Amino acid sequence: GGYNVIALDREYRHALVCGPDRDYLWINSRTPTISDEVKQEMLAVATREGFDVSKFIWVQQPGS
């Protein structure tokens, strides 16, 4: 299966990752939680590239 980093900040702390098509997408962090600011920028990259962000499941993590 295809695996592609389609966004990444400068200190490799936050990544947007998609599969071979727009049914596969993940938001990853070096920390268990991200900030709204960081969330909105991620959603904003997802939408700009045509991903249906209503499909996100917000995964249980320590502090969430």
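Each residue number is its position in the shown sequence, starting from 1.
In the deposited entry, the Cα temperature factor of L25 sits in the bottom third of values across the chain's modelled residues. Ranked against the other modelled residues of its chain, the C-alpha B-factor of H14 as given in the entry falls in the lowest third. Sorting the modelled residues of the chain by their CA temperature factor places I6 in the highest third. When all modelled residues of the chain are sorted by CA temperature factor, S35 is found within the highest third.
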